[PDB]
Amino acid sequence: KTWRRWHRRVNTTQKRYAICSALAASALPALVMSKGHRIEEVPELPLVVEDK
Amino acid sequence: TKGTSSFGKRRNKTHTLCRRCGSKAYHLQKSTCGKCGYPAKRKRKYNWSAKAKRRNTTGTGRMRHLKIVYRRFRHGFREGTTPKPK
Amino acid sequence: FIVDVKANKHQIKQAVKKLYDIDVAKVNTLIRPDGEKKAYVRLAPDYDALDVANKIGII
Amino acid sequence: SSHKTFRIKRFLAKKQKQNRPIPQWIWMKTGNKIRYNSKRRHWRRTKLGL
Amino acid sequence: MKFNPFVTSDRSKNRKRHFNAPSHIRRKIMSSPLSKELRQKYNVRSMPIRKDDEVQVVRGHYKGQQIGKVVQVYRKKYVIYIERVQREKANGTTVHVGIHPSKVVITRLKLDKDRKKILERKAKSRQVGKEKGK
Amino acid sequence: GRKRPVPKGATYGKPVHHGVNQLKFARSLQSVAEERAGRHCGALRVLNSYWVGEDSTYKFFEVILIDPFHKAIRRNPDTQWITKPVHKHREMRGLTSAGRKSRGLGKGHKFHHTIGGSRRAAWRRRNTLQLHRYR
Amino acid sequence: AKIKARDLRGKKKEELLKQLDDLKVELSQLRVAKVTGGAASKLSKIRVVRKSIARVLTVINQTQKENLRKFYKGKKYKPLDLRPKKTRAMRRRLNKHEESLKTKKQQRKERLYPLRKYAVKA
Amino acid sequence: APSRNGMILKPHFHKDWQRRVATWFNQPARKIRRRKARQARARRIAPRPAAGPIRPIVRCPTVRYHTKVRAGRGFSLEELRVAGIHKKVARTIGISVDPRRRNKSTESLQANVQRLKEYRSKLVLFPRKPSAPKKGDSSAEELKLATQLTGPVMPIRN
RNA sequence: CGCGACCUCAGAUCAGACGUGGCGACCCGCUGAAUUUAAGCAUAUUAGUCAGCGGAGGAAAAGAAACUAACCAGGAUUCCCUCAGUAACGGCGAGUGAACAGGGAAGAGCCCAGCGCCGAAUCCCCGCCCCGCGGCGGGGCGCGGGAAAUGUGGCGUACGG
RNA sequence: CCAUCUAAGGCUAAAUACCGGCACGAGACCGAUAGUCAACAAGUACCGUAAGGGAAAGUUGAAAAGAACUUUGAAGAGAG
RNA sequence: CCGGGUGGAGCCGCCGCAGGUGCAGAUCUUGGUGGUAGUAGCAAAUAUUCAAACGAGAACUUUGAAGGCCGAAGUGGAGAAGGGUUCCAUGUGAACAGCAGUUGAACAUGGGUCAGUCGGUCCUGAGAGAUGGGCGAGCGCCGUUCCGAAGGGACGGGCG
RNA sequence: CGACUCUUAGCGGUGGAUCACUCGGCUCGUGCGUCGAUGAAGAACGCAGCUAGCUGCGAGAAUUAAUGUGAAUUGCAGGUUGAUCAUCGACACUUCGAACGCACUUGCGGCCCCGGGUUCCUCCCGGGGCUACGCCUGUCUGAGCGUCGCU
Ligand SMILES: [Mg+2]
Ligand SMILES: [Mg+2]
Ligand SMILES: [Mg+2]
Ligand SMILES: [Mg+2]
Ligand SMILES: [Mg+2]
Ligand SMILES: [Mg+2]
Ligand SMILES: [Mg+2]
Ligand SMILES: [Mg+2]
Ligand SMILES: [Mg+2]
Ligand SMILES: [Mg+2]
Ligand SMILES: [Mg+2]
Ligand SMILES: [Mg+2]
Ligand SMILES: [Mg+2]
Ligand SMILES: [Mg+2]
Ligand SMILES: [Mg+2]
Ligand SMILES: [Mg+2]
Ligand SMILES: [Mg+2]
Ligand SMILES: [Mg+2]
Ligand SMILES: [Mg+2]
Ligand SMILES: [Mg+2]
Ligand SMILES: [Mg+2]
Ligand SMILES: [Mg+2]
Ligand SMILES: [Mg+2]
Ligand SMILES: [Mg+2]
Ligand SMILES: [Mg+2]
Ligand SMILES: [Mg+2]
Ligand SMILES: [Mg+2]
Ligand SMILES: [Mg+2]
Ligand SMILES: [Mg+2]
Ligand SMILES: [Mg+2]
Ligand SMILES: [Mg+2]
Ligand SMILES: [Mg+2]
Ligand SMILES: [Mg+2]
Ligand SMILES: [Mg+2]
Ligand SMILES: [Mg+2]
Ligand SMILES: [Mg+2]
Ligand SMILES: [Mg+2]
Ligand SMILES: [Mg+2]
Ligand SMILES: [Mg+2]
Ligand SMILES: [Mg+2]
Ligand SMILES: [Mg+2]
Ligand SMILES: [Mg+2]
Ligand SMILES: [Zn+2]
């Protein structure tokens, strides 16, 4: 049927929690290399380029 | 006697081709079509047979006026004008 | 001739008289089992139907 | 029968003309998948309704 | 990436639209690139092909530097026939083999007045783009 | 009333539906008069109707019909709601006065069963299941 | 020579019929050739003469109906084939004067109280 | 059959509910269409505020809510009469009018009267003929500093 | 007797228009079951559902209170969330089952009859001229014809006039 | 006592609905015994007096280049 | 999992997610194939034989001869209904005609049905069925002279 | 040994599974929201050089005109001042069907006009325009021991 529950609501505190945890993990070099991004020559992992 | 021998007497005809729907369902003694109900002004249709409804409906035939209606609608039934000549 | 199905014997007579410049004696019509109507047009005795058919193009 | 309605005769005329085989030049068309006429009616086998 | 919500990217829709295209859309699909010299002459990269363009086959078995005129633009099987691009049957009669115009380089056009009008229109729109970019 | 037109008074079911004789029609005889007048003069729109007399066997109603293609009605700005195609056969949809009195329409606590536009609309809106995306 | 519609419009009625029945008699001769086993050069011309007949008859009917509706342009009652063929519902609709017709009371109301243009400072 | 300790349930699924099931897969489509209709309305009434006319302060009835005030349907005719506004020009300069509403107390009457006099103080009225200003119309400085207001016009607070 | 009004009722291939029939997903008006559940079954339930009939539109219906309320009161209709599986109905069994208040989406109101006053001030149609003429409309002239005083139009409608 | 409306006449957009139609777009769907009955000359062939019932059936190859010529046989069918 | 072969264009490992997720059965559904089995059978209505022809080929086609049967309530000559080109001529022998076939009602090419007097057409029969009227929520139904202003016709006279 | 039978492998048949493809569905969503007495929906019969079906079309019949386009169509023939395609606003649109002169047989009419015929005087034949029900406004002819008035 079409009226299978396709959609799942997540609590807002948990959605912000997961954004916080994923951001926090995107600053540790082991976890992003274990994700497989080739970063073995980037000069700093929270890689902030200036606003130009 | 009620089977093979009694099938031999089948030489009359209950129905004929209808002048409205074209099917061989025009009952001759009743003078009425058993598919479209010809002497009645309204077409015989029933909601208990949707397959029979979709066998002869507006999609099924030639649409020789309505496919032109559907085309003239897209320019809003513009009439009395031509394209600009050479 | 093969004629139109709606055409009468009178119409077949006047059509042949106008088209091929002749005068006919009688017209027989039948409708062939393919649906086309066929007309046997008998010409008047002063005309020669072989010469008329040669002028039409059939021989 | 030999006694016939004009409408019955014209119906028989159409169903006579539809009972011929396919011409062979159809067979060499580009997007052809048509090989023989599957709408052939034999008078002894199938009986036209009517 | 396509952003237009009226242009479909559906594979079966694109294939149906390609294989059931009418002949004046087929003419645009049956388009061949011009040569390098014809590109620098007319500022036109691609052109629909006609019954008299002198072309080169560059992909296939009949590729090479030989030049032949198109003799027939067979739009229904999406192919063209070129002069010496042929093969022999069993009985010794030569037949023309179909070549897609995307594998075809035009070295000499049939320049009609319609063709010159199309060439000027394509060159002008290309230059409008080039002078819009700066 | 409306005698139930079953052959020989036999309604083949449970005894709650065995009623034949003392049943009543949901619309009034005045609205029956309007629909007979409209279905005869289908080229005219039923406006209203009223009672003019009765005896034991008949009721008599005068129905006001209107011709929407006459130029007086077609060119009076105060009367041209009936010229519009939505007012075809008002008497058959119950949009006249004696037609709307039978539908249970009205305002307030006596007419909670026609919230929406009808018994149809109320029953549809209440006997539905709103299955949301996120529940 | 080919028969085009462009060179047919400048002609008159009797010469259009003279072209037409010439096409009809050569079509009849082409059908005679068709049943007498004639050549493909003549069996190809059956379509050519048929569409030429179609062209001449189309020119005749187009010119004739243009002349009739030039005659009927200023009349209160024109024939039903000359009336505009919209849908039946749009022919049943009100006309533009009648949809622009307003009650004198309501006209007094929009003259007295027009919808003003305003803005609200926050 | 029931098992051990549990609730007695009455699910209302004894009808043919599956014909009349209303899924909400067109919910973001309805939201996106309602949004575009809202911006089309706001673009059409270009200096007039987007939410609509000004609505009065009403006390909710029926003791659960009678401490809370909210926006009513329209200013009542005696509120417009005390504010000195004609009941037909009110809807033309953007005031909601409720003929049906009575007053029973002085203070809600006076609060909505002061709301009307606070709204006419903020009302920047464009002249009816654009190249000719008239007697009560706003001046060309507030015409050039007119903006379209968002949200309810002077929103109601507790 | 005869002529003429009026009323009522005919006839016409009289002049001009309009309806029929189709589609029918959604909508309106009627009509309307039984399978089923109650571990049987008859009220109930299924269900104002299917089938049947009529009528539409691009939406329909509804709609500006003979309303809700009992409050410090709200304010057309429609729709969503909640009210609420609640008040209530029910072999008070099986089961059925709203409404108001509240938050929103939207948001818009108005018109007659009647009562009154204005020399019927009102409407329709044919003739001529000019314009516009493919939504048959505008201006003027007709000692042109009807309708209408058994009441048309202008003002005016409960918020009062 | 009080409160609230003013029935038995009429019109009215928007929010609302939309498994028919016209034109689209999409998919954690199905992949020819699946997905619509119907990927194909499908509401077709065929059946029933009738109301009605109702299929099977995609794929050479890149390109027909679809096997000229020789030979056996009446040929189908072979061998080259 | 790898090796070999065939095939000719896509596929899989790991972390999670989702399910129309695993077959021996349901007298399961659809399709295909066995044993039975070269078996049962090609036995109702007396009957075929000789020579020749054509043909690659003859128990069966054709011709001749012979012997027979139907025996005028026919195994004859013709129509109704029904069938619809089966009728006719030529060609073919792939498929069908339960052996064969050089033959056919098969297949493919072309042909063929001519009316004032023969029938329909016209009449009314048993009946069917509108309008009027009545009934009916309604599509409509009853009704057929019945709660009808049901005649549009004609000769003569006058007038243009 | 052999024949027959059984098992396994190789090769070959029978059969069409599997896999890989996919101009098709299914579901969801957006915009528009339009049939008909000016004859719809539907049906019948015809129309191509070779054409049965499908499709397109209507005696102008696999299409006419106009516009856009700009050299094909193609299975085989044949024959740029615009081939073919698309658009489609011009024109046309057989018979039936609400179906409409009466009937449903392709039967029978009636009125008006035109052409042959005639020598309009009828006939006869051909062609064109009308002839259905209900209903609205208006017109004319009328009906009534309906109500009056006048003489
Ligand atoms: Mg009988
Ligand atoms: Mg119906
Ligand atoms: Mg038989
Ligand atoms: Mg009821
Ligand atoms: Mg409405
Ligand atoms: Mg009441
Ligand atoms: Mg247990
Ligand atoms: Mg808003
Ligand atoms: Mg008339
Ligand atoms: Mg039980
Ligand atoms: Mg039980
Ligand atoms: Mg029981
Ligand atoms: Mg119930
Ligand atoms: Mg129903
Ligand atoms: Mg209708
Ligand atoms: Mg509509
Ligand atoms: Mg309403
Ligand atoms: Mg409310
Ligand atoms: Mg709760
Ligand atoms: Mg209930
Ligand atoms: Mg509420
Ligand atoms: Mg008055
Ligand atoms: Mg007034
Ligand atoms: Mg009021
Ligand atoms: Mg009132
Ligand atoms: Mg009211
Ligand atoms: Mg398959
Ligand atoms: Mg497969
Ligand atoms: Mg399938
Ligand atoms: Mg295969
Ligand atoms: Mg491949
Ligand atoms: Mg799955
Ligand atoms: Mg198995
Ligand atoms: Mg044996
Ligand atoms: Mg055999
Ligand atoms: Mg024979
Ligand atoms: Mg004789
Ligand atoms: Mg009857
Ligand atoms: Mg396979
Ligand atoms: Mg053209
Ligand atoms: Mg062109
Ligand atoms: Mg008869
Ligand atoms: Zn029928």
# chains A, B, ... in the order shown; residues from 1 in each chain; ligands from 1
$ interface_residues --of "chain L" --to "chain C" --cutoff "12 Å" --atoms "only C-alpha atoms (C1' of nucleotides)" --output "PyMOL selection string"
chain L and resi 45-46+59+94-95+106+116+124-127
$ write_last_selection --atoms "C-alpha atoms (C1' of nucleotides)" --output "PDB file, in the first residue's frame"
ATOM      1  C1'   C L  45     -18.455   1.483 -44.495  1.00  0.00           C
ATOM      2  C1'   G L  46     -14.756   3.157 -47.461  1.00  0.00           C
ATOM      3  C1'   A L  59     -15.763  10.727 -51.859  1.00  0.00           C
ATOM      4  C1'   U L  94     -19.538   9.287 -46.132  1.00  0.00           C
ATOM      5  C1'   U L  95     -23.652   6.480 -43.196  1.00  0.00           C
ATOM      6  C1'   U L 106     -31.787   0.934 -47.420  1.00  0.00           C
ATOM      7  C1'   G L 116     -32.827  18.081 -68.387  1.00  0.00           C
ATOM      8  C1'   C L 124     -40.313  11.564 -65.406  1.00  0.00           C
ATOM      9  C1'   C L 125     -35.154  11.947 -64.001  1.00  0.00           C
ATOM     10  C1'   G L 126     -31.000  14.573 -61.647  1.00  0.00           C
ATOM     11  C1'   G L 127     -29.468  18.384 -58.035  1.00  0.00           C
TER      12        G L 127
END
$ select_by_dssp --residues "chain C" --states "helix (DSSP H, G or I)" --output "PDB file with N, CA, C and O atoms, in the first residue's frame"
ATOM      1  N   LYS C   9     -29.641   3.382 -61.489  1.00  0.00           N
ATOM      2  CA  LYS C   9     -29.609   3.077 -62.917  1.00  0.00           C
ATOM      3  C   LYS C   9     -29.765   4.316 -63.778  1.00  0.00           C
ATOM      4  O   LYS C   9     -29.086   4.434 -64.803  1.00  0.00           O
ATOM      5  N   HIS C  10     -30.638   5.236 -63.371  1.00  0.00           N
ATOM      6  CA  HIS C  10     -30.783   6.514 -64.048  1.00  0.00           C
ATOM      7  C   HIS C  10     -29.487   7.309 -64.012  1.00  0.00           C
ATOM      8  O   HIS C  10     -29.059   7.836 -65.043  1.00  0.00           O
ATOM      9  N   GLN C  11     -28.831   7.354 -62.852  1.00  0.00           N
ATOM     10  CA  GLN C  11     -27.584   8.101 -62.716  1.00  0.00           C
ATOM     11  C   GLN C  11     -26.455   7.473 -63.522  1.00  0.00           C
ATOM     12  O   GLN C  11     -25.640   8.191 -64.110  1.00  0.00           O
ATOM     13  N   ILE C  12     -26.405   6.143 -63.578  1.00  0.00           N
ATOM     14  CA  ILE C  12     -25.390   5.455 -64.373  1.00  0.00           C
ATOM     15  C   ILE C  12     -25.613   5.710 -65.859  1.00  0.00           C
ATOM     16  O   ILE C  12     -24.658   5.958 -66.609  1.00  0.00           O
ATOM     17  N   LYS C  13     -26.879   5.720 -66.286  1.00  0.00           N
ATOM     18  CA  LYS C  13     -27.233   6.064 -67.662  1.00  0.00           C
ATOM     19  C   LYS C  13     -26.765   7.465 -68.042  1.00  0.00           C
ATOM     20  O   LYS C  13     -26.048   7.628 -69.040  1.00  0.00           O
ATOM     21  N   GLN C  14     -27.116   8.479 -67.238  1.00  0.00           N
ATOM     22  CA  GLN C  14     -26.734   9.843 -67.605  1.00  0.00           C
ATOM     23  C   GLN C  14     -25.236  10.069 -67.474  1.00  0.00           C
ATOM     24  O   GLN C  14     -24.663  10.847 -68.246  1.00  0.00           O
ATOM     25  N   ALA C  15     -24.588   9.385 -66.528  1.00  0.00           N
ATOM     26  CA  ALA C  15     -23.145   9.510 -66.377  1.00  0.00           C
ATOM     27  C   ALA C  15     -22.407   8.961 -67.587  1.00  0.00           C
ATOM     28  O   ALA C  15     -21.485   9.605 -68.083  1.00  0.00           O
ATOM     29  N   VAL C  16     -22.813   7.791 -68.091  1.00  0.00           N
ATOM     30  CA  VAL C  16     -22.151   7.225 -69.266  1.00  0.00           C
ATOM     31  C   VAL C  16     -22.436   8.066 -70.509  1.00  0.00           C
ATOM     32  O   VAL C  16     -21.531   8.318 -71.321  1.00  0.00           O
ATOM     33  N   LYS C  17     -23.677   8.561 -70.642  1.00  0.00           N
ATOM     34  CA  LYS C  17     -24.030   9.433 -71.760  1.00  0.00           C
ATOM     35  C   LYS C  17     -23.221  10.725 -71.768  1.00  0.00           C
ATOM     36  O   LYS C  17     -22.774  11.161 -72.834  1.00  0.00           O
ATOM     37  N   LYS C  18     -23.014  11.346 -70.609  1.00  0.00           N
ATOM     38  CA  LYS C  18     -22.220  12.565 -70.581  1.00  0.00           C
ATOM     39  C   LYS C  18     -20.726  12.298 -70.717  1.00  0.00           C
ATOM     40  O   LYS C  18     -20.039  13.023 -71.447  1.00  0.00           O
ATOM     41  N   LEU C  19     -20.212  11.271 -70.033  1.00  0.00           N
ATOM     42  CA  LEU C  19     -18.774  11.029 -69.988  1.00  0.00           C
ATOM     43  C   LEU C  19     -18.234  10.580 -71.335  1.00  0.00           C
ATOM     44  O   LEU C  19     -17.238  11.125 -71.819  1.00  0.00           O
ATOM     45  N   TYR C  20     -18.876   9.598 -71.968  1.00  0.00           N
ATOM     46  CA  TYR C  20     -18.288   8.980 -73.143  1.00  0.00           C
ATOM     47  C   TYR C  20     -19.038   9.298 -74.424  1.00  0.00           C
ATOM     48  O   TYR C  20     -18.783   8.650 -75.445  1.00  0.00           O
ATOM     49  N   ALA C  49     -19.833  -0.986 -79.465  1.00  0.00           N
ATOM     50  CA  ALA C  49     -19.267  -0.961 -78.121  1.00  0.00           C
ATOM     51  C   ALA C  49     -17.795  -1.336 -78.116  1.00  0.00           C
ATOM     52  O   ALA C  49     -17.058  -0.902 -77.231  1.00  0.00           O
ATOM     53  N   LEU C  50     -17.341  -2.108 -79.105  1.00  0.00           N
ATOM     54  CA  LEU C  50     -15.915  -2.382 -79.242  1.00  0.00           C
ATOM     55  C   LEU C  50     -15.123  -1.133 -79.602  1.00  0.00           C
ATOM     56  O   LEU C  50     -14.047  -0.904 -79.037  1.00  0.00           O
ATOM     57  N   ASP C  51     -15.645  -0.301 -80.505  1.00  0.00           N
ATOM     58  CA  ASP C  51     -14.967   0.952 -80.820  1.00  0.00           C
ATOM     59  C   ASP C  51     -15.036   1.944 -79.668  1.00  0.00           C
ATOM     60  O   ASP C  51     -14.054   2.652 -79.419  1.00  0.00           O
ATOM     61  N   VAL C  52     -16.163   1.989 -78.952  1.00  0.00           N
ATOM     62  CA  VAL C  52     -16.259   2.826 -77.755  1.00  0.00           C
ATOM     63  C   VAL C  52     -15.273   2.367 -76.677  1.00  0.00           C
ATOM     64  O   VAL C  52     -14.612   3.200 -76.043  1.00  0.00           O
ATOM     65  N   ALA C  53     -15.124   1.054 -76.487  1.00  0.00           N
ATOM     66  CA  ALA C  53     -14.167   0.530 -75.518  1.00  0.00           C
ATOM     67  C   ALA C  53     -12.731   0.811 -75.940  1.00  0.00           C
ATOM     68  O   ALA C  53     -11.865   1.042 -75.089  1.00  0.00           O
ATOM     69  N   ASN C  54     -12.457   0.788 -77.248  1.00  0.00           N
ATOM     70  CA  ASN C  54     -11.129   1.152 -77.734  1.00  0.00           C
ATOM     71  C   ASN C  54     -10.835   2.633 -77.522  1.00  0.00           C
ATOM     72  O   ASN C  54      -9.701   2.990 -77.178  1.00  0.00           O
ATOM     73  N   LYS C  55     -11.827   3.505 -77.720  1.00  0.00           N
ATOM     74  CA  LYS C  55     -11.674   4.921 -77.394  1.00  0.00           C
ATOM     75  C   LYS C  55     -11.521   5.178 -75.903  1.00  0.00           C
ATOM     76  O   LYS C  55     -10.864   6.152 -75.525  1.00  0.00           O
ATOM     77  N   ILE C  56     -12.136   4.357 -75.056  1.00  0.00           N
ATOM     78  CA  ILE C  56     -11.904   4.461 -73.619  1.00  0.00           C
ATOM     79  C   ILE C  56     -10.494   4.007 -73.255  1.00  0.00           C
ATOM     80  O   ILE C  56      -9.797   4.694 -72.499  1.00  0.00           O
TER      81      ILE C  56
END
$ select_by_dssp --residues "region 7-50 of chain F" --states "strand (DSSP E)" --output "PyMOL selection string"
chain F and resi 45-50
$ residues_around --residues "residue 83 (chain K)" --least-positions-apart "2" --cutoff "9 Å" --atoms "only C-alpha atoms (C1' of nucleotides)" --output "number ranges by chain"
D: 1, 43-44, 47; K: 86
$ write_last_selection --atoms "N, CA and C atoms (P, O5', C5', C4', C3', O3' and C1' of nucleotides)" --output "PDB file, in the first residue's frame"
ATOM      1  N   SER D   1     -28.131 -16.497 -46.308  1.00  0.00           N
ATOM      2  CA  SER D   1     -28.892 -17.184 -47.338  1.00  0.00           C
ATOM      3  C   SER D   1     -28.727 -16.536 -48.685  1.00  0.00           C
ATOM      4  N   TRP D  43     -14.008 -20.228 -43.476  1.00  0.00           N
ATOM      5  CA  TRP D  43     -15.455 -20.331 -43.351  1.00  0.00           C
ATOM      6  C   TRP D  43     -15.913 -21.600 -42.653  1.00  0.00           C
ATOM      7  N   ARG D  44     -15.127 -22.665 -42.698  1.00  0.00           N
ATOM      8  CA  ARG D  44     -15.497 -23.896 -42.023  1.00  0.00           C
ATOM      9  C   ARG D  44     -15.079 -23.902 -40.562  1.00  0.00           C
ATOM     10  N   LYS D  47     -16.940 -18.719 -37.554  1.00  0.00           N
ATOM     11  CA  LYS D  47     -18.248 -18.527 -38.171  1.00  0.00           C
ATOM     12  C   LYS D  47     -18.800 -17.107 -38.071  1.00  0.00           C
TER      13      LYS D  47
ATOM     14  P     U K  86     -13.597 -19.675 -52.012  1.00  0.00           P
ATOM     15  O5'   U K  86     -14.540 -20.929 -51.773  1.00  0.00           O
ATOM     16  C5'   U K  86     -14.064 -22.068 -51.080  1.00  0.00           C
ATOM     17  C4'   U K  86     -15.179 -23.016 -50.727  1.00  0.00           C
ATOM     18  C3'   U K  86     -16.146 -23.373 -51.840  1.00  0.00           C
ATOM     19  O3'   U K  86     -15.637 -24.365 -52.711  1.00  0.00           O
ATOM     20  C1'   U K  86     -17.323 -22.952 -49.814  1.00  0.00           C
TER      21        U K  86
END
$ residues_around --residues "residue 148 (chain L)" --least-positions-apart "5" --cutoff "12 Å" --atoms "only C-alpha atoms (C1' of nucleotides)" --output "ChimeraX atom specification"
/I:4-7
$ write_last_selection --atoms "N, CA, C and O atoms (P, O5', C5', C4', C3', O3' and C1' of nucleotides)" --output "PDB file, in the first residue's frame"
ATOM      1  P     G I   4     -64.014  43.158 -35.293  1.00  0.00           P
ATOM      2  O5'   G I   4     -63.680  43.860 -33.903  1.00  0.00           O
ATOM      3  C5'   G I   4     -63.267  45.215 -33.862  1.00  0.00           C
ATOM      4  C4'   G I   4     -63.379  45.804 -32.478  1.00  0.00           C
ATOM      5  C3'   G I   4     -62.469  45.219 -31.424  1.00  0.00           C
ATOM      6  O3'   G I   4     -61.141  45.679 -31.557  1.00  0.00           O
ATOM      7  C1'   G I   4     -64.623  45.600 -30.516  1.00  0.00           C
ATOM      8  P     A I   5     -59.953  44.879 -30.849  1.00  0.00           P
ATOM      9  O5'   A I   5     -59.912  45.495 -29.388  1.00  0.00           O
ATOM     10  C5'   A I   5     -59.732  44.636 -28.284  1.00  0.00           C
ATOM     11  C4'   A I   5     -60.164  45.260 -26.988  1.00  0.00           C
ATOM     12  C3'   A I   5     -59.713  44.493 -25.762  1.00  0.00           C
ATOM     13  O3'   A I   5     -58.383  44.795 -25.388  1.00  0.00           O
ATOM     14  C1'   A I   5     -62.013  44.919 -25.594  1.00  0.00           C
ATOM     15  P     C I   6     -57.246  43.676 -25.549  1.00  0.00           P
ATOM     16  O5'   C I   6     -57.354  42.846 -24.202  1.00  0.00           O
ATOM     17  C5'   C I   6     -57.446  43.519 -22.963  1.00  0.00           C
ATOM     18  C4'   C I   6     -58.309  42.766 -21.996  1.00  0.00           C
ATOM     19  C3'   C I   6     -57.886  41.346 -21.706  1.00  0.00           C
ATOM     20  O3'   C I   6     -56.793  41.261 -20.814  1.00  0.00           O
ATOM     21  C1'   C I   6     -60.224  41.428 -22.026  1.00  0.00           C
ATOM     22  P     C I   7     -55.691  40.111 -20.990  1.00  0.00           P
ATOM     23  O5'   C I   7     -56.361  38.831 -20.327  1.00  0.00           O
ATOM     24  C5'   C I   7     -56.872  38.871 -19.007  1.00  0.00           C
ATOM     25  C4'   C I   7     -57.830  37.739 -18.775  1.00  0.00           C
ATOM     26  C3'   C I   7     -57.270  36.362 -19.056  1.00  0.00           C
ATOM     27  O3'   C I   7     -56.544  35.859 -17.958  1.00  0.00           O
ATOM     28  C1'   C I   7     -59.394  36.568 -20.065  1.00  0.00           C
TER      29        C I   7
END
$ residues_near_ligand --ligand "ligand 40" --cutoff "12 Å" --atoms "only C-alpha atoms (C1' of nucleotides) and all ligand atoms" --output "MDAnalysis selection string"
(chainID G and resid 3:6 51:52 54:56 58:59) or (chainID L and resid 63:67 82 88 90:91)
$ closest_atom_pairs --of "region 25-129 of chain F" --to "region 121-132 of chain I" --cutoff "10 Å" --atoms "only C-alpha atoms (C1' of nucleotides)" --output "JSON lines"
{"residue": "F:70", "atom": "CA", "partner": "I:124", "partner_atom": "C1'", "distance": 8.9}
{"residue": "F:71", "atom": "CA", "partner": "I:124", "partner_atom": "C1'", "distance": 7.2}
{"residue": "F:72", "atom": "CA", "partner": "I:123", "partner_atom": "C1'", "distance": 6.5}
{"residue": "F:73", "atom": "CA", "partner": "I:123", "partner_atom": "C1'", "distance": 9.7}
{"residue": "F:75", "atom": "CA", "partner": "I:123", "partner_atom": "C1'", "distance": 9.7}
{"residue": "F:76", "atom": "CA", "partner": "I:123", "partner_atom": "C1'", "distance": 9.1}
$ residues_near_ligand --ligand "ligand 35" --cutoff "8 Å" --atoms "only C-alpha atoms (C1' of nucleotides) and all ligand atoms" --output "PDB file with N, CA and C atoms (P, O5', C5', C4', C3', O3' and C1' of nucleotides), in the first residue's frame"
ATOM      1  P     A K  97      -5.012 -33.715 -40.945  1.00  0.00           P
ATOM      2  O5'   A K  97      -6.092 -33.776 -42.109  1.00  0.00           O
ATOM      3  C5'   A K  97      -7.459 -33.484 -41.868  1.00  0.00           C
ATOM      4  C4'   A K  97      -8.287 -33.738 -43.101  1.00  0.00           C
ATOM      5  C3'   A K  97      -8.121 -35.110 -43.734  1.00  0.00           C
ATOM      6  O3'   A K  97      -8.895 -36.099 -43.082  1.00  0.00           O
ATOM      7  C1'   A K  97      -8.007 -33.451 -45.406  1.00  0.00           C
ATOM      8  P     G K  98      -8.418 -37.630 -43.040  1.00  0.00           P
ATOM      9  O5'   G K  98      -6.955 -37.588 -42.415  1.00  0.00           O
ATOM     10  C5'   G K  98      -6.762 -37.195 -41.063  1.00  0.00           C
ATOM     11  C4'   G K  98      -5.765 -38.060 -40.348  1.00  0.00           C
ATOM     12  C3'   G K  98      -5.773 -39.528 -40.752  1.00  0.00           C
ATOM     13  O3'   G K  98      -4.479 -40.102 -40.543  1.00  0.00           O
ATOM     14  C1'   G K  98      -6.457 -39.318 -38.503  1.00  0.00           C
ATOM     15  P     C K  99      -3.225 -39.683 -41.456  1.00  0.00           P
ATOM     16  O5'   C K  99      -2.492 -41.049 -41.798  1.00  0.00           O
ATOM     17  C5'   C K  99      -3.214 -42.202 -42.184  1.00  0.00           C
ATOM     18  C4'   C K  99      -2.436 -43.047 -43.158  1.00  0.00           C
ATOM     19  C3'   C K  99      -1.915 -42.316 -44.386  1.00  0.00           C
ATOM     20  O3'   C K  99      -0.656 -41.709 -44.167  1.00  0.00           O
ATOM     21  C1'   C K  99      -3.066 -44.267 -45.061  1.00  0.00           C
ATOM     22  P     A K 100      -0.299 -40.283 -44.811  1.00  0.00           P
ATOM     23  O5'   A K 100      -0.318 -40.526 -46.383  1.00  0.00           O
ATOM     24  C5'   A K 100       0.761 -41.157 -47.057  1.00  0.00           C
ATOM     25  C4'   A K 100       0.338 -41.615 -48.429  1.00  0.00           C
ATOM     26  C3'   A K 100       0.164 -40.523 -49.471  1.00  0.00           C
ATOM     27  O3'   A K 100       1.375 -40.266 -50.162  1.00  0.00           O
ATOM     28  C1'   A K 100      -1.757 -41.912 -49.432  1.00  0.00           C
TER      29        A K 100
END
